[PDB]
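Student: One structure follows; several queries about it will come next.
Read-outs: derived from the displayed coordinates by stated rules, not from any lab. Positions of Cβ are generated from backbone atoms using ideal geometry, with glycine treated the same way; all protein chains shown enter the neighbour counts.
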Amino acid sequence: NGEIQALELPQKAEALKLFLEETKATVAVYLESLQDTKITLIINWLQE
Amino acid sequence: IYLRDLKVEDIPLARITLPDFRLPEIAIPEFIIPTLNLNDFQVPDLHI
């Protein structure tokens, strides 16, 4: 227990969890921006 | 003229972000074996 607490293992786990959640949120935002959830947005793609 | 039915609209991921993939804190399950005493039941009365 002293060795676990000496290496701030729970803190590193929390930081990794937060960074993973941030990365997942960014990836979800990017996917929502890329994927078209509407027919017209696809048709507008033809205009490009 | 283009089709109007999609399945991206059925997926919650393409609509709202989902910060999944969480990491539990680094802990340890502490479980100690009980102290089993038996000298109180039997008493060796024989000299060796």
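Student: When the residues of segment B:1-11 are narrowed to those that are within 7 Å of chain A (Cβ to nearest Cβ) and charged (D, E, K, R), which ends up nearest to A:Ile4 (Cα to Cα)?
Tutor: B:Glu9
Student: Limited to segment A:24-37, what total is found for residues that are surrounded by 11 or more Cβ atoms within 10 Å (Cβ to Cβ) and either more than 8 Å from every other protein chain (Cβ to nearest Cβ) or part of a helix (DSSP H, G or I) (or both)?
Tutor: Kept after step one, since they are surrounded by 11 or more Cβ atoms within 10 Å (Cβ to Cβ), are these residues of segment A:24-37: A:24-29, A:31-32, A:35-37.
Next, from what is left, pick out any that are either more than 8 Å from every other protein chain (Cβ to nearest Cβ) or part of a helix (DSSP H, G or I) (or both): A:24-29, A:31-32.
Matching residues across segment A:24-37 total 8.
Student: Okay, moving on. Would you mind telling me which numbered condition in (1) surrounded by 12 or more Cβ atoms within 10 Å (Cβ to Cβ); (2) more than 8 Å from every other protein chain (Cβ to nearest Cβ); (3) among the charged types (D, E, K, R) A:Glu21 fails?
Tutor: For A:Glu21, the exception is condition (2).
Student: Report whether or not A:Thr40 is surrounded by 11 or more Cβ atoms within 10 Å (Cβ to Cβ) and polar (S, T, N, Q).
Tutor: no
Student: Another question, if that's okay. Given the criteria at the interface with another protein chain (Cβ under 7 Å from one of its Cβ atoms) and either part of a helix (DSSP H, G or I) or not small (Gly, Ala, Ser) (or both), does A:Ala15 qualify? Can you show your working first?
Tutor: Working: at the interface with another protein chain (Cβ under 7 Å from one of its Cβ atoms): no; either part of a helix (DSSP H, G or I) or not small (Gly, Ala, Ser) (or both): yes.
No: the conditions fail for A:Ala15.
Student: Quick one: count up the residues across segment B:12-36 that are within 9 Å of chain A (Cβ to nearest Cβ) and either surrounded by 10 or more Cβ atoms within 10 Å (Cβ to Cβ) or over 30 Å from A:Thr37 (Cα atoms) (or both).
Tutor: 16
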